[PDB]
Amino acid sequence: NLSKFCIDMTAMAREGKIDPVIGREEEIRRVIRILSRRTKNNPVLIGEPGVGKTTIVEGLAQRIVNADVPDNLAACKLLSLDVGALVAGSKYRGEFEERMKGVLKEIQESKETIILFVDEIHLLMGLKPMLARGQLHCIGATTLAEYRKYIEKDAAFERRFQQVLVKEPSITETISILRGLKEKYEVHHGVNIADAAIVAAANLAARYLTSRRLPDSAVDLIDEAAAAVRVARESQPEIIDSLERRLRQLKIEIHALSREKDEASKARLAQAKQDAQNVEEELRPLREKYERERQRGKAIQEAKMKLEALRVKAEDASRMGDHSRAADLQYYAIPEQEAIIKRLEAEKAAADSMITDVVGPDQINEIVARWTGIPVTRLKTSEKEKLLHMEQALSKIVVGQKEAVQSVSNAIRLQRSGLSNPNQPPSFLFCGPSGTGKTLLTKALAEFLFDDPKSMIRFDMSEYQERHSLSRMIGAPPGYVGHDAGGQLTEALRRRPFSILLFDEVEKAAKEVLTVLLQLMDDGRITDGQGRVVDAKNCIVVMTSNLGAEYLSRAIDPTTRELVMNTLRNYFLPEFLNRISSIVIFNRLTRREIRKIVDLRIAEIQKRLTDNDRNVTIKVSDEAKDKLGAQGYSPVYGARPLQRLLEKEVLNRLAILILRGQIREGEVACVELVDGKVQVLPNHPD
Amino acid sequence: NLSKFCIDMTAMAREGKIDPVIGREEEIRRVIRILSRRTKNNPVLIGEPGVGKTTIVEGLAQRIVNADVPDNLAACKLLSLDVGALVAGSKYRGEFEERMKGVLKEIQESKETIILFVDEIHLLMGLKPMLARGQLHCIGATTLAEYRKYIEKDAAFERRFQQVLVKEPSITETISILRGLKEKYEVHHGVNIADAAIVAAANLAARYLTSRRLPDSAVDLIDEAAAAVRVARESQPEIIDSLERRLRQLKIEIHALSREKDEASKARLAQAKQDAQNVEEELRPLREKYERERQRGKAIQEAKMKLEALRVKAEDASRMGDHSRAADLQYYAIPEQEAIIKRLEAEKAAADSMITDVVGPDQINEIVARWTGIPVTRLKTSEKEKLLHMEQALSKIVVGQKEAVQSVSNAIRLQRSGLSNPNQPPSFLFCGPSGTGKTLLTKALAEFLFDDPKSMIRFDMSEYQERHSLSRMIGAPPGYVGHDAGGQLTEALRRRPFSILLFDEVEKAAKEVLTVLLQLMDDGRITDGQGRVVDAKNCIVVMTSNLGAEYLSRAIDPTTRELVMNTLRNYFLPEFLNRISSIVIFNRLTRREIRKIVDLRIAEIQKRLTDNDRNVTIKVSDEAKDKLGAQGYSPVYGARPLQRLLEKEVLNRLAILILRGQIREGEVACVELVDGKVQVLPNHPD
Amino acid sequence: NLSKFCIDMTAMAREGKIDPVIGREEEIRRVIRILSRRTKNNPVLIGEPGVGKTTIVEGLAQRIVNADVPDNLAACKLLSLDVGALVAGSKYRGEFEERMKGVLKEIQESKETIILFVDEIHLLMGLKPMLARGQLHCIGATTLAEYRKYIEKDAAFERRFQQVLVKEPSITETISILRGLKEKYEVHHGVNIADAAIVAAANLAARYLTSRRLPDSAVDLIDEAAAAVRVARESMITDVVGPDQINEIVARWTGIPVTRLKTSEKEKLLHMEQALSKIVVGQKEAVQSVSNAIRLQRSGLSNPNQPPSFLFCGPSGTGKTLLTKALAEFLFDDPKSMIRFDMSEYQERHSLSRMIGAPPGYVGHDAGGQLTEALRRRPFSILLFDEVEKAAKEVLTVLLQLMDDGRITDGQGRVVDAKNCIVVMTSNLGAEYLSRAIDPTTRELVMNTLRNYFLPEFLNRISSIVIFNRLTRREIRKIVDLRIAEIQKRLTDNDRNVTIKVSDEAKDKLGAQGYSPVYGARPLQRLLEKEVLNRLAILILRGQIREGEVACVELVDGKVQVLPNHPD
């Protein structure tokens, strides 16, 4: 028989080597209905890669072999066969097609109803399975795109098929499947785990390592964690290996002195004999407890092995009816094995590097850290304390609208508390003069709430005032030219959902993209031109304005607030306008805060000084700062100009004397001013 | 036992036949972890060609042989693959399929857990060993390119592997691992090397030999140094070999004197032969000293080899139960023989005005010059001396915009200072009239900085207002031509990391090309059609405009500069014009500096004259240059027409007179403006 | 012992059967260095056919035999199999590989230090001793191309090797190499030669026979000299070799009088106007202009890497085509040295692929490179291009990137040499501004209407700026007289002898007639030819105008007609 390429699922099912599936049953029954459906028997599943749609097929087969299934299909069997393996048969398609017809017939001339799951089904593209008229069955599963690319472009084949979707499970579903496979994996490493670590780890992978999808992601996370900790238990303790290297060098010394004959040699001979003694009679306690734990875990492993083997054999026999041996094996070998395990556990509990075989969340934390280099500190923060401190925290970054800060704070608070629409994320639309750090405000926001620069994006609506600009920016359905670039916005949502959304020049926008953004607000997602309606619940969305700022006199009054109220209600649909978290405003910039910013400026300057060993002592006279500020305020950009202004107007002469070294190590940057012109004074000429 | 293709690494390990390896350890530990995992034991590596990926594998094996790996690995046998051998078997799948299975089968025939690392794994893709998970075990390694080409195609492998890239090592790490090597390398060629020399050498290769990567390159450099040494000797001493050069010259004397048939010739032949005897009597003592000391070195290294032999012998003896034999060997045979070899070393060191024969920075520098041909003095100036004297040398090329010289100089300082943005490369937008040498300015600038014409590249947005042009300028996904040739910027940055980047007439650019350039300004690198990023921190950029010509009317005035600033604000983004390093400004030329650059031209001319045999001085009348300038000042195109003007005007008649016979050598080109046209006074008639 | 396939160079070294070329020592040093490369001992030499880098390895063997080598290499036996020596005894690749193993067994047998060489060593790819860790030593050489084709593929091999470029030998160095060979060959034949004549010969082989390669080509020359001798001396007294015989042979391979070769190339320079006048007439200004330009070229005072270039503005054939011709046949002394190129077909972007090439996987790239093989086979030549302004802008781009640098990339992936080329663009985009008469305005008008067409600096890398005119009626008649002269020549070619008597009346008639504002009267050449050849041959095959009998080419009643001397 040419079962060469085939793999009998039902075999391992009876064998029980297949992993125990969990959850997602209604889908299974849907599959069933599709099978017994006459017109198009074809279950053709679709989902994102890696999710182990495979796992789902196998779980259905598992449910099958228990015979609690469609009767007309209970007598049927399932098996896999890699299409790549079939085309691995030969090099050329011609001789290959002989193998293929062999496949189609070999199953055809099979007097027992058995079905094949054609994984990666689309690869039929590269046909013969027009033989499908009920005499046979298949099972389809592959990604959406290529399905639309080839299957959707074949009527006859497809009018005989029925797309099946795959929802991506959520946190709780992880919790389920992970708690399930916990025992299996712990055995395969002979280890222990606690739950809260699993919970966190799941959430964490969900948050940051997101180039892949739930849930197998957090699974392999568990994997690597357990591997690392199992490597540590498998490895000798640091005291043990140091002891052993020591004693090796100790017997080295002992005998090297046994060669020489002089009183010092014999002295350190006896001394190194005592050394090797001490170390050996100390290690053999620790050495032997290490060995004992090795043996304990060993016995544990093999006991679980025979335990589950008996379990699967007994389940098989019960499915058969071999009652006598089934019952005796069950109520004899299971209980004694339980006793074995419980006395093993008792002795391990009494055993008190002695590492806790149980893993810890901190472990996963370190792992994800080296996965993304992100400071471990920020991770172990539950996203709650930061909330109870974010307000003043970000105040410590920029100042100027305490009220705006605390407002957006309350907004995100009400989001995370879950006291609103749980699907439409909070939305933001600013107004006021640039220079404050509005951008920078959002920036600190992100790197505090997602802890990443790239978490920010940028959108400037002059670039988005043509309807076709909208088209390209959201991408177009594959039937259009936008198929080669797609939607940068959309694709950004894809790659990193937990991120931030900037929008600017919104006054200069096209009305249509304005409306699709309004939808996004009320949608919490966007129906792409392709069908992948990608969530936004992990997003933050900001729009910019500076128009009414012409009202801003240095001074907060409600009067001007209503001024710009109308000044905006005119601009956009008041219903649309009802979709901000709350109206976001600004104000003028009194001198005091500006010179405070100057203090922050000289601060980051001293920071740059600290970046290297160079001690430099910035002495900004009060009046220095005073002139700096009083000069560089921009009625159009505030200190954004003044920033680089002072940057130049110090860094120049600073680096001058630095290159010159005339102001030497440990010296003082006496930041001086000369008659209305700032001039730091060199401690010396050449 | 098809060991025809089995090739063990642990063997050469067991004889120290591969040197130790430094750093990279956390990598190894990660690899171990992955090998332990239950999901996809087989990890994958990504890095630059042959950069020591192999070294990581073999060093892991080294760790193995000396009892640090865990038990599962303590039971591992590991080896490399006759990959190319099976690629070289037969051009059709055929029998190397079958031999491949045989060894694959031969794998199953295993006492302990056999591990087969494989490189180039793409070679099997462009599926056969899809048979047994758990039986076989490899490690993955190739180029990221190959990763996406074949790794990411077969979903099976995609679930069956996990990648671990390889960051490029850094310079200090180079220094360390090179000390390590240095030990064994000198042992191979018995000549000492200044550590600091090696440090230089590494930095040098890093700065210029971008063909390969760090550190292998600088390794080869040290090797070239050892080579230059061993060839300054001839398996000899080096001063002995230079006296052998002198002795070969003495033999030339001997033969050229036997050539002459007289008595004094034979007498001075005997003189040369006595000199030959004396150079021999000094040749010998130090030559046999050299032979003896290299024999002493092999004594040392074979003593260390036996040391490793007995060490690992005591290791696998405690594994078997015979640690006493190798124990005693280490105890007694090792220290005493090592001591007597050290005694031979001390006595030969005692056998040692004065003369040097060990490596120094000089020879390294000379070799790198020979490799690139750059002057040794140019290498050794250091990014410090030029900063103290650049402005001078630059003025030695063109002048007039002294302010801008100063400015760009401070900018380069800032970079080298590091006090500025530690990553943002410098950036300067040229503004002024063409026809002075803005181009020339930047040219000589670079050739003073990196000392390379080709270190400069020029770009003009005239062919960039299109999308496909942006693509070609950066590249594209494979379904395009942008993949072919990639992008000019990225390909250049690769081909030369240190450079300057001209973008002339940028005011005509497509604003999305402007966007990618702005990224370059603010990334330190760039994301491409392949997504990969290449650092430009060690690079700078150039872009020019010529709008201000409106305001161009000589007297430096500020009022115009803000007009220009807004003129370009309306052309680009505000922050874009702020993410720059500094604004650039130009102007017209003073008639005096005009005449000056003309004097420089005629200097070039007389230089070209003394290049050939024509020593014809030129009496360029004041009127000559005055009229030439009055003509050649093109208010449209500066004086970039002027040199051509003057050469067409005079140089032609010059060469004409010189060759037609109107000039004999050594003459004076007494050239004089006569009636609006400069006609040199005929030095000799037709 | 299957050491037959290799050859112990060190043996003939001991037997002294070897004669070292000299120079290139530094390269041999490089070799030694890599022979000390503990990492990749095996280098790879790279050069060109004829240079017989075999020479180089033999010289290394020389430095072996006299014990003048690094002793780490003292006992090394240097032998070299031929890959062909194994292509012969091969009933199949297995048997090929069989003998491979067999010798390699003897080879891998580590008796003493031994080093191998293989010519065309790339051929081993298309290998078996990939087993070679470097415990052994080898060396080889080939062209860059197949090296990149085969050795670039494997990581292992390519890494184990070191690419070394032999480089082109200096002309002065070749004379020194000839010297060292002189006595040897003379012994081989019993002859003597003047060193200076030999130097001449060298320079000649340089200027021609580019098919071959120095210096071994110049050797071949000297061998031919010795041959002529071994004829003569054995057929006062004739015993030595003058330049004469060299000249005989260079002629026998080019068909040119020694006169045109015994030149020193200065008088021709000083008298190009003479020849031109005797060929072309009507643009004396451009004549002297280009003369001084190419002089400056040869003067050395020119830019060392700026080959010439000459603007054309005037009708076609008027002499300018004939000009280009004379330029070739007088400077480089070959008609075919001109390679036309109609830019009218190069107004397309794909014409870049069609001319120089494009990325290798295209259809036009194979047509490309027309300049590449041209220069490789013809260094001393000229590059004609017609109405270039219409040609595609990337075509003009690559043409510029040639003319400035005297070198340009190709679609194949290389930058050819052009240090003996001449740039030629030709059109009459503003010639219609003119009459039969010179006014600088119309001249300056064309100046503008052409400098506009591109970067005027693109025109300002041209060696000059040159126009043409509409010939004067009198010099029109002059070139007419030239024509009728070559026609009477053609008459004298065959024994039928008849006197062309072109009346000044018929002269004016034909001239003015064929004079047209398009090409002047170049088609009139064929027109008047029809007018004469027809009638003269009519009377030739009729028996009217016999030998010597006059051909009064006379204009009768506004229609030129030769009066039939004797009616039928």
# chains A, B, ... in the order shown; residues from 1 in each chain; ligands from 1
$ residues_around --residues "residue 81 (chain C)" --least-positions-apart "3" --cutoff "12 Å" --atoms "only C-alpha atoms" --output "VMD selection string"
chain C and resid 2 to 9 78 84 to 87 99 to 100 103 to 104 107 115 to 121 124 138 to 140
$ write_last_selection --atoms "N, CA and C atoms" --output "compact mmCIF listing (two decimals), in the first residue's frame"
# COMPACT_ATOMS: atom_id res chain seq x y z
N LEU C 2 51.28 6.72 -9.75
CA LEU C 2 50.52 7.57 -10.66
C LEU C 2 50.82 9.05 -10.42
N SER C 3 52.10 9.38 -10.36
CA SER C 3 52.52 10.77 -10.36
C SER C 3 52.73 11.29 -11.76
N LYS C 4 52.40 10.48 -12.77
CA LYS C 4 52.61 10.87 -14.15
C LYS C 4 51.86 12.15 -14.49
N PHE C 5 50.67 12.33 -13.91
CA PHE C 5 49.80 13.41 -14.34
C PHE C 5 50.37 14.76 -13.94
N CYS C 6 50.98 14.84 -12.76
CA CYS C 6 51.69 16.04 -12.37
C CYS C 6 53.02 16.11 -13.10
N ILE C 7 53.70 17.24 -12.95
CA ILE C 7 55.02 17.44 -13.52
C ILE C 7 55.87 18.15 -12.48
N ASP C 8 57.02 17.58 -12.15
CA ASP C 8 57.86 18.19 -11.13
C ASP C 8 58.57 19.39 -11.73
N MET C 9 57.94 20.56 -11.63
CA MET C 9 58.62 21.78 -12.03
C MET C 9 59.99 21.88 -11.38
N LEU C 78 56.91 20.76 -5.63
CA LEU C 78 55.95 21.51 -6.42
C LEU C 78 55.73 20.81 -7.74
N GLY C 84 43.03 18.21 -17.73
CA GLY C 84 42.86 17.45 -18.95
C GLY C 84 43.53 16.09 -18.89
N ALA C 85 44.72 16.04 -18.26
CA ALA C 85 45.39 14.76 -18.05
C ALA C 85 44.49 13.76 -17.34
N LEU C 86 43.40 14.23 -16.75
CA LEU C 86 42.40 13.36 -16.18
C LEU C 86 41.09 13.38 -16.96
N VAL C 87 40.92 14.34 -17.88
CA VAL C 87 39.76 14.29 -18.77
C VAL C 87 39.96 13.21 -19.83
N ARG C 99 40.46 7.79 -10.71
CA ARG C 99 41.84 8.25 -10.79
C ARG C 99 42.07 9.41 -9.84
N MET C 100 41.07 10.28 -9.68
CA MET C 100 41.16 11.36 -8.70
C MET C 100 41.54 10.81 -7.34
N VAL C 103 45.28 9.10 -7.29
CA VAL C 103 46.39 10.03 -7.09
C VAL C 103 46.26 10.71 -5.73
N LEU C 104 45.06 11.20 -5.41
CA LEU C 104 44.82 11.81 -4.11
C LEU C 104 45.23 10.89 -2.97
N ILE C 107 48.46 11.36 -2.96
CA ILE C 107 48.58 12.74 -2.51
C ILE C 107 48.33 12.84 -1.01
N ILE C 115 53.42 20.65 -2.40
CA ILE C 115 52.44 21.64 -2.82
C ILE C 115 52.11 21.40 -4.28
N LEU C 116 50.83 21.56 -4.62
CA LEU C 116 50.32 21.29 -5.95
C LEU C 116 49.95 22.60 -6.64
N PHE C 117 49.89 22.55 -7.96
CA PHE C 117 49.28 23.61 -8.75
C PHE C 117 48.37 22.99 -9.79
N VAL C 118 47.33 23.73 -10.17
CA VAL C 118 46.44 23.29 -11.25
C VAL C 118 46.06 24.50 -12.08
N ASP C 119 46.37 24.45 -13.37
CA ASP C 119 45.87 25.44 -14.31
C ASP C 119 44.38 25.23 -14.54
N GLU C 120 43.68 26.32 -14.86
CA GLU C 120 42.24 26.28 -15.10
C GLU C 120 41.51 25.59 -13.96
N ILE C 121 42.11 25.66 -12.77
CA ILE C 121 41.73 24.83 -11.63
C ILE C 121 40.23 24.87 -11.38
N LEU C 124 37.90 21.84 -11.98
CA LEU C 124 37.55 20.80 -11.02
C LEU C 124 36.11 20.92 -10.56
N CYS C 138 47.73 23.83 -2.43
CA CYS C 138 47.60 23.94 -3.87
C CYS C 138 47.46 25.39 -4.28
N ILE C 139 47.38 25.59 -5.60
CA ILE C 139 47.33 26.92 -6.18
C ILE C 139 46.83 26.78 -7.61
N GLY C 140 46.21 27.84 -8.12
CA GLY C 140 45.68 27.81 -9.46
C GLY C 140 45.40 29.21 -9.96
$ interface_residues --of "chain A" --to "chain B" --cutoff "7 Å" --atoms "only C-alpha atoms" --output "PyMOL selection string"
chain A and resi 223-224+227-228+231+234-235+252+255-256+259+608-609+652+655
$ residues_around --residues "residue 537 (chain B)" --least-positions-apart "6" --cutoff "8 Å" --atoms "only C-alpha atoms" --output "VMD selection string"
chain B and resid 423 to 425 524 to 525
$ write_last_selection --atoms "C-alpha atoms" --output "compact mmCIF listing (two decimals), in the first residue's frame"
# COMPACT_ATOMS: atom_id res chain seq x y z
CA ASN B 423 22.94 58.56 16.46
CA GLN B 424 21.48 61.19 14.13
CA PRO B 425 24.09 61.68 11.39
CA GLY B 524 20.58 56.26 11.81
CA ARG B 525 19.54 53.54 9.35
$ residues_around --residues "residue 233 (chain A)" --least-positions-apart "2" --cutoff "12 Å" --atoms "only C-alpha atoms" --output "mmCIF file with N, CA, C and O atoms, in the first residue's frame"
data_model
loop_
_atom_site.group_PDB
_atom_site.id
_atom_site.type_symbol
_atom_site.label_atom_id
_atom_site.label_comp_id
_atom_site.auth_asym_id
_atom_site.auth_seq_id
_atom_site.Cartn_x
_atom_site.Cartn_y
_atom_site.Cartn_z
ATOM 1 N N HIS A 189 9.124 17.788 31.042
ATOM 2 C CA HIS A 189 10.315 18.319 31.674
ATOM 3 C C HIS A 189 10.492 17.825 33.094
ATOM 4 O O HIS A 189 11.513 18.134 33.716
ATOM 5 N N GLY A 190 9.547 17.045 33.611
ATOM 6 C CA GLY A 190 9.612 16.619 34.992
ATOM 7 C C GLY A 190 9.772 17.825 35.886
ATOM 8 O O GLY A 190 10.780 17.958 36.585
ATOM 9 N N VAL A 191 8.807 18.734 35.847
ATOM 10 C CA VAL A 191 8.916 20.013 36.520
ATOM 11 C C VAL A 191 7.572 20.364 37.142
ATOM 12 O O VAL A 191 6.611 19.597 37.076
ATOM 13 N N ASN A 192 7.522 21.537 37.767
ATOM 14 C CA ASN A 192 6.311 22.045 38.387
ATOM 15 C C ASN A 192 6.078 23.481 37.946
ATOM 16 O O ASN A 192 7.014 24.198 37.585
ATOM 17 N N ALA A 226 10.292 26.577 30.834
ATOM 18 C CA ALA A 226 10.498 25.276 31.444
ATOM 19 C C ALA A 226 11.833 24.689 31.034
ATOM 20 O O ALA A 226 12.510 24.045 31.839
ATOM 21 N N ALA A 227 12.225 24.888 29.781
ATOM 22 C CA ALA A 227 13.511 24.378 29.332
ATOM 23 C C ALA A 227 14.639 25.010 30.129
ATOM 24 O O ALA A 227 15.507 24.312 30.664
ATOM 25 N N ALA A 228 14.638 26.338 30.215
ATOM 26 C CA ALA A 228 15.672 27.027 30.973
ATOM 27 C C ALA A 228 15.731 26.516 32.401
ATOM 28 O O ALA A 228 16.813 26.235 32.927
ATOM 29 N N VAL A 229 14.580 26.361 33.042
ATOM 30 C CA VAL A 229 14.652 25.993 34.448
ATOM 31 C C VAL A 229 15.037 24.528 34.619
ATOM 32 O O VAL A 229 15.729 24.173 35.579
ATOM 33 N N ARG A 230 14.680 23.702 33.626
ATOM 34 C CA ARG A 230 15.007 22.254 33.643
ATOM 35 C C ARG A 230 16.511 22.120 33.400
ATOM 36 O O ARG A 230 17.124 21.188 33.948
ATOM 37 N N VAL A 231 17.068 23.021 32.587
ATOM 38 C CA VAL A 231 18.533 23.006 32.308
ATOM 39 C C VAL A 231 19.266 23.282 33.624
ATOM 40 O O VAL A 231 20.277 22.603 33.890
ATOM 41 N N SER A 235 21.683 20.768 35.332
ATOM 42 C CA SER A 235 23.079 21.228 35.554
ATOM 43 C C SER A 235 23.461 21.058 37.028
ATOM 44 O O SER A 235 22.562 21.101 37.890
ATOM 45 N N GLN A 236 24.756 20.869 37.297
ATOM 46 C CA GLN A 236 25.276 20.821 38.690
ATOM 47 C C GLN A 236 25.189 22.213 39.326
ATOM 48 O O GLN A 236 25.263 23.216 38.586
ATOM 49 N N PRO A 237 25.036 22.319 40.665
ATOM 50 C CA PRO A 237 24.963 23.614 41.349
ATOM 51 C C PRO A 237 26.315 24.340 41.263
ATOM 52 O O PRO A 237 27.331 23.673 41.226
ATOM 53 N N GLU A 238 26.300 25.675 41.333
ATOM 54 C CA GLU A 238 27.540 26.492 41.204
ATOM 55 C C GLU A 238 28.540 26.100 42.299
ATOM 56 O O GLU A 238 29.743 26.012 41.984
ATOM 57 N N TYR A 290 21.746 16.055 45.667
ATOM 58 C CA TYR A 290 21.534 16.299 44.245
ATOM 59 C C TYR A 290 21.190 15.008 43.513
ATOM 60 O O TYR A 290 20.210 14.948 42.757
ATOM 61 N N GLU A 291 21.994 13.967 43.726
ATOM 62 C CA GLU A 291 21.720 12.674 43.108
ATOM 63 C C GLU A 291 20.349 12.157 43.512
ATOM 64 O O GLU A 291 19.605 11.628 42.682
ATOM 65 N N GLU A 293 17.692 13.809 44.400
ATOM 66 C CA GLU A 293 16.634 14.517 43.693
ATOM 67 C C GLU A 293 16.579 14.083 42.238
ATOM 68 O O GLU A 293 15.493 13.980 41.653
ATOM 69 N N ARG A 294 17.743 13.832 41.636
ATOM 70 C CA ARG A 294 17.761 13.249 40.299
ATOM 71 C C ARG A 294 16.938 11.972 40.256
ATOM 72 O O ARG A 294 16.069 11.808 39.394
ATOM 73 N N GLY A 297 13.000 12.713 40.806
ATOM 74 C CA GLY A 297 12.403 13.150 39.560
ATOM 75 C C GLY A 297 12.376 12.053 38.517
ATOM 76 O O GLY A 297 11.426 11.950 37.741
ATOM 77 N N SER A 353 21.721 23.165 44.338
ATOM 78 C CA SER A 353 21.293 24.536 44.591
ATOM 79 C C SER A 353 19.904 24.585 45.203
ATOM 80 O O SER A 353 19.395 25.663 45.513
ATOM 81 N N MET A 354 19.296 23.409 45.366
ATOM 82 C CA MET A 354 17.965 23.289 45.958
ATOM 83 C C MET A 354 16.961 24.199 45.260
ATOM 84 O O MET A 354 16.073 24.768 45.897
ATOM 85 N N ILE A 355 17.108 24.358 43.942
ATOM 86 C CA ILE A 355 16.246 25.282 43.220
ATOM 87 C C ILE A 355 14.808 24.796 43.281
ATOM 88 O O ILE A 355 14.527 23.593 43.198
ATOM 89 N N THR A 356 13.887 25.737 43.446
ATOM 90 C CA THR A 356 12.471 25.407 43.400
ATOM 91 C C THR A 356 12.131 24.952 41.990
ATOM 92 O O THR A 356 12.108 25.759 41.057
ATOM 93 N N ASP A 357 11.902 23.647 41.830
ATOM 94 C CA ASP A 357 11.553 23.101 40.525
ATOM 95 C C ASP A 357 10.382 23.839 39.895
ATOM 96 O O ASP A 357 10.243 23.859 38.668
ATOM 97 N N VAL A 358 9.531 24.454 40.714
ATOM 98 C CA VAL A 358 8.438 25.247 40.177
ATOM 99 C C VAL A 358 8.999 26.500 39.524
ATOM 100 O O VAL A 358 9.924 27.137 40.043
ATOM 101 N N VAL A 359 8.433 26.864 38.380
ATOM 102 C CA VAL A 359 8.847 28.061 37.665
ATOM 103 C C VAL A 359 8.268 29.274 38.371
ATOM 104 O O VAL A 359 7.413 29.143 39.251
ATOM 105 N N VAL B 69 27.449 20.695 29.826
ATOM 106 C CA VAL B 69 26.124 20.429 29.283
ATOM 107 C C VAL B 69 25.385 19.499 30.234
ATOM 108 O O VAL B 69 26.013 18.867 31.095
ATOM 109 N N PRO B 70 24.076 19.380 30.124
ATOM 110 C CA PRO B 70 23.334 18.450 30.974
ATOM 111 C C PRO B 70 23.339 17.038 30.398
ATOM 112 O O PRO B 70 23.918 16.757 29.351
ATOM 113 N N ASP B 71 22.653 16.150 31.119
ATOM 114 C CA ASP B 71 22.701 14.719 30.840
ATOM 115 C C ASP B 71 22.252 14.405 29.418
ATOM 116 O O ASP B 71 22.971 13.741 28.663
#
$ select_by_dssp --residues "region 124-291 of chain C" --states "strand (DSSP E)" --output "list in words"
residues 140, 141, 142, 163, 164, 165, 192, 193, 240 and 241 of chain C
$ write_last_selection --atoms "N, CA, C and O atoms" --output "short mmCIF file (atom, residue, chain, number, x, y, z; two decimals), in the first residue's frame"
data_model
loop_
_atom_site.label_atom_id
_atom_site.label_comp_id
_atom_site.auth_asym_id
_atom_site.auth_seq_id
_atom_site.Cartn_x
_atom_site.Cartn_y
_atom_site.Cartn_z
N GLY C 140 46.21 27.84 -8.12
CA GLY C 140 45.68 27.81 -9.46
C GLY C 140 45.40 29.21 -9.96
O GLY C 140 45.63 30.21 -9.27
N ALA C 141 44.88 29.28 -11.18
CA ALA C 141 44.62 30.56 -11.81
C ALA C 141 43.68 30.36 -12.99
O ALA C 141 43.65 29.29 -13.60
N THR C 142 42.92 31.40 -13.29
CA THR C 142 41.98 31.42 -14.41
C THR C 142 41.47 32.84 -14.58
O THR C 142 41.91 33.77 -13.89
N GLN C 163 42.06 35.44 -4.07
CA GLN C 163 42.02 36.14 -5.38
C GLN C 163 43.19 37.13 -5.48
O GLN C 163 43.19 38.14 -4.75
N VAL C 164 44.15 36.84 -6.38
CA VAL C 164 45.32 37.72 -6.63
C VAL C 164 45.30 38.13 -8.11
O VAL C 164 45.12 37.24 -8.95
N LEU C 165 45.48 39.42 -8.40
CA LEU C 165 45.45 39.90 -9.81
C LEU C 165 46.89 40.04 -10.32
O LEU C 165 47.67 40.78 -9.68
N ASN C 192 71.86 37.88 -33.82
CA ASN C 192 71.94 39.05 -32.96
C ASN C 192 70.99 40.12 -33.48
O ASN C 192 70.63 40.13 -34.66
N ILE C 193 70.56 41.00 -32.58
CA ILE C 193 69.59 42.03 -32.90
C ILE C 193 69.94 43.29 -32.12
O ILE C 193 70.55 43.23 -31.05
N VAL C 240 72.21 39.61 -38.77
CA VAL C 240 71.51 40.23 -37.65
C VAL C 240 70.14 40.69 -38.12
O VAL C 240 69.78 40.60 -39.29
N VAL C 241 69.36 41.20 -37.17
CA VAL C 241 67.98 41.60 -37.42
C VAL C 241 67.87 43.10 -37.29
O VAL C 241 68.15 43.67 -36.23
#
